[PDB]
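Atoms considered below: every heavy atom in the structure, side chains included; atoms not considered: hydrogens, waters and symmetry mates. In the text below, chain A, chain B and the rest are named by the order of the sequence lines, each starting its count at 1.
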Amino acid sequence: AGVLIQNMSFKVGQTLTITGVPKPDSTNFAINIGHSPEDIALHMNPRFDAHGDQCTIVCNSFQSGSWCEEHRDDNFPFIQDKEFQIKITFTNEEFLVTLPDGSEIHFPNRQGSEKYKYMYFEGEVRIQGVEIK
Amino acid sequence: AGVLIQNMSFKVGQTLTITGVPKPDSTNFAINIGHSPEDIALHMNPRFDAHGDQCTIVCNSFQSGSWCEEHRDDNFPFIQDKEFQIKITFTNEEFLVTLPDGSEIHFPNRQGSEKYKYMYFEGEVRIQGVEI
Ligand SMILES: CC(=O)N[C@@H]1[C@@H](O)[C@H](O[C@@H]2O[C@H](CO)[C@H](O)[C@H](O)[C@H]2O)[C@@H](CO)O[C@@H]1O
Ligand SMILES: CC(=O)N[C@@H]1[C@@H](O)[C@H](O[C@@H]2O[C@H](CO)[C@H](O)[C@H](O)[C@H]2O)[C@@H](CO)O[C@@H]1O
Ligand SMILES: [Mg+2]
Ligand SMILES: [Mg+2]
């Protein structure tokens, strides 16, 4: 059940910096930001090869047993066993993900909250750094 | 009640860097590194004013339902509402804690595990940074 971080508050206006390395045999991995395992505002799922996607980032939200509408990005600067740094900023309106290569993903903050105290990193990735300021 | 981090891996050779800010009226805060809540290899507990202690760092370990012997340090480079960075290195022998001013604390690795997968931050502090 991967890396679980509880009560490290991520609020509107801060940057979340995630340092990690996909496992050498990674098919995919996910960053889950939300309130609980049943209420995820941002599911960000870089897929090397999983769910029928190859080198695709799938973003979605999960609430009350249900996945919502997928956002898909073909921009994929992740490599098996290579360190990455991802930045996440958010507003009431959306998450702004800055990827390693300086490119960006815009995903709506559908849950609408200004503070999230649940972070869950799942799948074939090692998390070396979580920074919030 | 405070920050719980499970399955982030701390190992001999690695630097653990904690970044945070004690609350303006912080009495104390604690960095817990172990296996479980019942098995704590390093409890590092800077006390502004708690348990009769002012401006003291208390280090200890918790196993089999008991605190072990305290290591107490009068060196206190912490200020309420000011950002700190704390670097922890460990070996089979000891945790080497590097304090914000470049001073160090030696605390024995009484557990002797070589890898820790449970971290719990307690008390009046904002944890801003956890990197291994
Ligand atoms: C084009 C396509 O549909 N693929 C989807 C899958 O992406 C989807 O897989 C789940 O997607 C959610 C996020 O939307 C999580 O990543 C979850 O772990 C995946 O299983 C599947 C199942 O919902 O449906 C489609 O086939
Ligand atoms: C001088 C002295 O020995 N005082 C101790 C207290 O420090 C101690 O309080 C506990 O200390 C542990 C670490 O050793 C934890 O920080 C815990 O939160 C404290 O309650 C008490 C109880 O063990 O014993 C003496 O008073
Ligand atoms: Mg006293
Ligand atoms: Mg010796």
Side-chain angles (χ1 to χ4, degrees), chain A residues 3-8 17-21 83 119 121 126-133, chain B residues 2-22 26 28-48 50 53 55-63 67-79 82-113 115-132:
Chain A
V3 175
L4 187 62
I5 303 186
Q6 293 169 291
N7 267 48
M8 198 177 174
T17 303
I18 299 161
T19 319
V21 186
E83 179 174 295
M119 292 187 280
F121 310 85
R126 50 190 171 292
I127 303 300
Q128 304 182 315
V130 188
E131 299 166 284
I132 298 170
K133 67 204 187 209
Chain B
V3 175
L4 183 54
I5 301 192
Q6 309 176 258
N7 294 330
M8 214 168 157
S9 266
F10 189 27
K11 283 177 164 183
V12 175
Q14 307 194 276
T15 317
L16 173 62
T17 305
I18 307 298
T19 311
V21 188
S26 191
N28 71 295
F29 65 93
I31 296 161
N32 301 284
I33 300 169
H35 296 322
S36 95
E38 286 292 7
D39 186 20
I40 309 298
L42 173 60
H43 169 88
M44 173 193 179
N45 183 208
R47 301 181 178 179
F48 298 96
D53 294 320
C55 310
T56 305
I57 305 168
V58 168
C59 296
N60 203 350
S61 59
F62 188 88
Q63 202 192 356
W67 290 107
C68 184
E69 174 181 283
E70 290 189 353
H71 286 231
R72 298 161 60 87
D73 201 332
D74 182 75
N75 181 215
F76 196 81
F78 295 105
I79 300 174
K82 290 203 185 168
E83 182 183 308
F84 60 82
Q85 176 188 112
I86 294 171
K87 285 180 214 203
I88 311 178
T89 283
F90 80 106
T91 61
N92 308 135
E93 181 86 15
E94 70 173 353
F95 299 92
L96 209 167
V97 184
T98 305
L99 292 174
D101 60 354
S103 64
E104 299 180 327
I105 299 162
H106 299 264
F107 179 81
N109 181 197
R110 292 160 173 162
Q111 193 72 359
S113 288
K115 190 173 148 190
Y116 293 114
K117 100 313 276 76
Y118 167 103
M119 305 185 228
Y120 184 35
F121 308 86
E122 311 189 281
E124 298 103 35
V125 64
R126 290 169 304 145
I127 299 311
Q128 285 166 337
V130 180
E131 44 211 316
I132 301 176

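Among residues at least two apart or in separate chains, salt bridge (charged side-chain N to carboxylate O under 4.0 Å, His left out) pairs with a member in residues 68-79 of chain B are B:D53-B:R72, B:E70-B:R72.
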Residue pair A:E131, B:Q128: steps toward the side chain to side chain contact (heavy atoms under 4.5 Å, CB included) verdict
CA-CA 6 Å; A:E131 299 166 284; B:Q128 285 166 337; over 6 Å; no
From CA spacing to verdict: side chain to side chain contact (heavy atoms under 4.5 Å, CB included), B:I105, B:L99
CA-CA 8 Å; B:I105 299 162; B:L99 292 174; 3.8 Å; yes
One pair to check against side chain to side chain contact (heavy atoms under 4.5 Å, CB included): B:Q63 and B:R110. What are the steps and the verdict?
CA-CA 10 Å; B:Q63 202 192 356; B:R110 292 160 173 162; over 6 Å; no
Test side chain to side chain contact (heavy atoms under 4.5 Å, CB included) on B:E124 and B:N28 and set out the steps.
CA-CA 6 Å; B:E124 298 103 35; B:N28 71 295; 4.2 Å; yes
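Between atom OG1 of residue B:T19 and atom NZ of residue A:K133 there is a gap of 8.5 Å, rounded to the nearest 0.5 Å. Between B:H43 atom NE2 and B:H71 atom NE2 the span is 13.0 Å, to the nearest 0.5 Å. Rounding to the nearest 0.5 angstrom, the gap separating the CD1 atom in B:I33 from the CG atom in B:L42 is 5.0 Å. The CZ atom of B:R126 lies 15.0 Å from the CZ atom of B:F121; values are rounded to the nearest 0.5 Å. Atom OH of residue B:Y118 and atom CD1 of residue B:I5 lie 11.0 Å apart, to the nearest 0.5 angstrom. Atoms CD1 and OH, on B:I132 and B:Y116 in that order, are 13.5 Å from each other to the nearest 0.5 Å.
Between B:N45 and B:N60, every side-chain heavy-atom pair lies at or beyond the 4.5 Å cut-off. Side-chain contact between B:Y120 and B:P37: absent, with no pair of heavy atoms (C-beta onward) separated by less than 4.5 Å. Annotation: side chain of B:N92 is in contact with side chain of B:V12 (closest heavy-atom distance under 4.5 Å). Considering only heavy atoms from C-beta on, B:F90 stays 4.5 Å or farther from B:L96 through its side chain. Within the 4.5 Å cutoff, side-chain heavy atoms of B:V130 are placed close to those of B:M8. Counting only heavy atoms from C-beta outward, the side chains of A:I127 and A:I18 approach each other to under 4.5 Å. Under the 4.5 Å side-chain criterion, counting only non-hydrogen atoms from C-beta, A:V130 is not in contact with A:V3.
When each of B:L16, B:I31, B:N32, B:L4 is checked for a side chain to side chain contact (heavy atoms under 4.5 Å, CB included) with B:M119, only B:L16 meets the rule.
Aromatic ring orientation, B:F48 versus B:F29: tilted (interplanar angle from 30° to 60°).
Ring centers of B:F95 and B:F10: at least 6.0 Å apart, outside the cut-off.
The environment of B:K87 atom NZ is sparse: at most 12 non-hydrogen atoms of other residues, nucleotides or ligands sit within 6.0 angstrom.
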